[PDB]
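J.: Structure incoming, see below.
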Amino acid sequence: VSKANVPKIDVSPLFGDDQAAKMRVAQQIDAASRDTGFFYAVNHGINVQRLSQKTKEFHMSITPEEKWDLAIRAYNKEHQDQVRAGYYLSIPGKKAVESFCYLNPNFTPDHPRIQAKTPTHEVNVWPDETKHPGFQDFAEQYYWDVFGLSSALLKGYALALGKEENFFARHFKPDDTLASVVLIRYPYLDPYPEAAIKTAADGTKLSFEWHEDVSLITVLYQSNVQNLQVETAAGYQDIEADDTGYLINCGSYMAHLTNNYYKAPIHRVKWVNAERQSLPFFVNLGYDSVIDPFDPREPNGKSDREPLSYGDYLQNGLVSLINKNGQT
Ligand SMILES: CC1(C)S[C@@H]2[C@H](NC(=O)CCC[C@H](N)C(=O)O)C(=O)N2[C@H]1C(=O)O
Ligand SMILES: [Fe+3]
């Protein structure tokens, strides 16, 4: 198996005022996006060590009782209002992965989208502060930390496509973003349940099958355990691990916007029997956000694709990914 070319891009100029240096970052983002579709953002300014430690303490100390009380509707029929936010239980002997997903901390009972019961908007559920002291505080702060990194990255993508630097970021707002954080635990198990292992067409043992991301972009931190593969025309290629940088890739909304100029890379997760973390931040816009599709390959920049409001894209995409690859 060959190894993917995933360049490391110093993204620090995107927080600054040196415009020429920003263009030079933009060029690298363009090049990576038209090649394998992945790059590592380095010099990002987020304390990922603290992130890994706090996430570990939570995963390793939450109990079955707390998991039921936090479970999404798929695992607890009482919680019909939790479709996105809450705990995704493992099933001993059958399902290895478990995770905790949370949304915009600004989604409160007094938020207009909650009052209106708009789909994909939910109020986060949290564990008891006395049993997990400082966890909600850390998790909400991390949301805004990685929100800030994603804002800067969206400036890079805009400049890379020949747009003003707020083309995407102007729709990425703290008051209505549907972005989500998912704290995924991949456990070490001995014996490892065979039902939790899928076999690809090419024979590779997998934890999660091929998919495109339902997102504009995805901003991913992972433990230093190699697991990801990206599909190319010549077959799947291994993405090497790096637990100091963020792995960045486009989702299918970007592919729609750019008439597939920046494709949503197809990727899968190899099975690896090792305790590790996968912590994606899915960059989603607002429910009513609409970006006019364009084609950077045509001089006029025009395309025949219909504008697609982000809320409808997200609702349709989340259901489709569950139906294709299963309940996570
Ligand atoms: C490869 C990924 C980063 S992406 C893939 C898969 N992703 C999803 O199911 C999307 C969940 C989105 C979230 N509940 C929401 O409401 O927005 C997952 O988990 N996987 C991760 C992994 O398996 O490590
Ligand atoms: Fe993915």
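Labels for the structure tokens follow display order: chains A, B, ..., residues from 1 in each chain, ligands from 1.
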Can you work out which residues are within 8 Å of ligand 1, considering only C-alpha atoms and all ligand atoms, and then hand them over as a VMD selection string?
T.: chain A and resid 83 to 85 99 101 to 103 120 178 to 182 184 207 to 208 211 213 to 214 218 220 222 228 267 to 269 277 to 280 282 318 321 to 322 327 to 328
J.: Output the selection as a PDB file, in the first residue's frame - C-alpha atoms for each residue.
T.:
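After the write, out-v8.pdb holds the following:
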```
ATOM      1  CA  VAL A  83     -30.838  13.237  17.093  1.00  0.00           C
ATOM      2  CA  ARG A  84     -27.352  14.797  16.980  1.00  0.00           C
ATOM      3  CA  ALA A  85     -26.162  15.815  20.455  1.00  0.00           C
ATOM      4  CA  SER A  99     -18.563   8.947  21.039  1.00  0.00           C
ATOM      5  CA  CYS A 101     -21.292  14.860  20.061  1.00  0.00           C
ATOM      6  CA  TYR A 102     -22.070  18.458  20.968  1.00  0.00           C
ATOM      7  CA  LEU A 103     -23.215  21.509  19.063  1.00  0.00           C
ATOM      8  CA  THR A 120     -30.727  19.971  13.107  1.00  0.00           C
ATOM      9  CA  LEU A 178     -24.498  24.035  12.841  1.00  0.00           C
ATOM     10  CA  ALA A 179     -20.885  22.908  13.330  1.00  0.00           C
ATOM     11  CA  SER A 180     -20.382  19.977  15.693  1.00  0.00           C
ATOM     12  CA  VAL A 181     -17.622  18.439  17.792  1.00  0.00           C
ATOM     13  CA  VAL A 182     -17.485  14.653  18.119  1.00  0.00           C
ATOM     14  CA  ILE A 184     -14.697   9.535  19.424  1.00  0.00           C
ATOM     15  CA  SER A 207     -13.647   0.140  11.315  1.00  0.00           C
ATOM     16  CA  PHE A 208     -15.631   2.554   9.084  1.00  0.00           C
ATOM     17  CA  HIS A 211     -17.647   7.969   2.723  1.00  0.00           C
ATOM     18  CA  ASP A 213     -17.787  14.092   4.781  1.00  0.00           C
ATOM     19  CA  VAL A 214     -21.067  15.923   5.343  1.00  0.00           C
ATOM     20  CA  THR A 218     -13.540  18.975   8.367  1.00  0.00           C
ATOM     21  CA  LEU A 220      -9.714  16.677  12.621  1.00  0.00           C
ATOM     22  CA  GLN A 222      -6.389  12.243  16.012  1.00  0.00           C
ATOM     23  CA  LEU A 228      -7.002   6.786   7.671  1.00  0.00           C
ATOM     24  CA  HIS A 267     -11.764   8.068   2.758  1.00  0.00           C
ATOM     25  CA  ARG A 268     -12.122   5.130   5.124  1.00  0.00           C
ATOM     26  CA  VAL A 269     -10.849   4.041   8.525  1.00  0.00           C
ATOM     27  CA  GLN A 277      -8.918   9.228  19.800  1.00  0.00           C
ATOM     28  CA  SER A 278     -10.559  10.785  16.742  1.00  0.00           C
ATOM     29  CA  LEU A 279     -11.866  14.304  17.394  1.00  0.00           C
ATOM     30  CA  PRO A 280     -13.447  15.880  14.310  1.00  0.00           C
ATOM     31  CA  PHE A 282     -17.324  19.508  11.246  1.00  0.00           C
ATOM     32  CA  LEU A 318     -26.716  13.130   8.048  1.00  0.00           C
ATOM     33  CA  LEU A 321     -24.520   8.686   5.955  1.00  0.00           C
ATOM     34  CA  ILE A 322     -26.265   6.764   8.754  1.00  0.00           C
ATOM     35  CA  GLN A 327     -25.540   4.005  13.134  1.00  0.00           C
ATOM     36  CA  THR A 328     -22.347   5.177  14.855  1.00  0.00           C
TER      37      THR A 328
END
```
J.: Where in region 128-273 of chain A does DSSP assign strand (DSSP E), given as a PyMOL selection string?
T.: chain A and resi 180-186+198-199+205-211+217-222+228-232+235-238+246-250+267-270
J.: Neighbours of region 13-20 of chain A within 8 Å (only C-alpha atoms; same-chain residues fewer than 5 positions away dropped), as a VMD selection string?
T.: chain A and resid 25 152 to 153 155 to 156
J.: Have a look at A:146, A:196, A:225, A:266 and name the one nearest to ligand 2; count only C-alpha atoms and all ligand atoms.
T.: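 Under the stated criterion, the closest residue is A:266.
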J.: Please determine, counting only C-alpha atoms, which residue among A:286, A:303, A:54, A:259 has the shortest atom-to-atom distance to residue 132 (chain A).
T.: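 So, comparing all the options, the nearest one is A:54.
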J.: Could you check the closest approach to residue 49 (chain A) for each of A:243, A:232, A:81, A:216 and tell me which residue wins, using only C-alpha atoms?
T.: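 The shortest atom-to-atom distance to residue 49 (chain A) comes from A:243.
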J.: Pick the closest to ligand 2 from A:294, A:38, A:304, A:124: which is it, counting only C-alpha atoms and all ligand atoms?
T.: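 Smallest distance to ligand 2 is found for A:38.
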J.: Go through A:212, A:5, A:10, A:240 one by one, measure the shortest atom-to-atom distance of each to residue 317 (chain A) using only C-alpha atoms, and give the residue with the smallest value.
T.: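 Closest to residue 317 (chain A) of all the choices is A:212.
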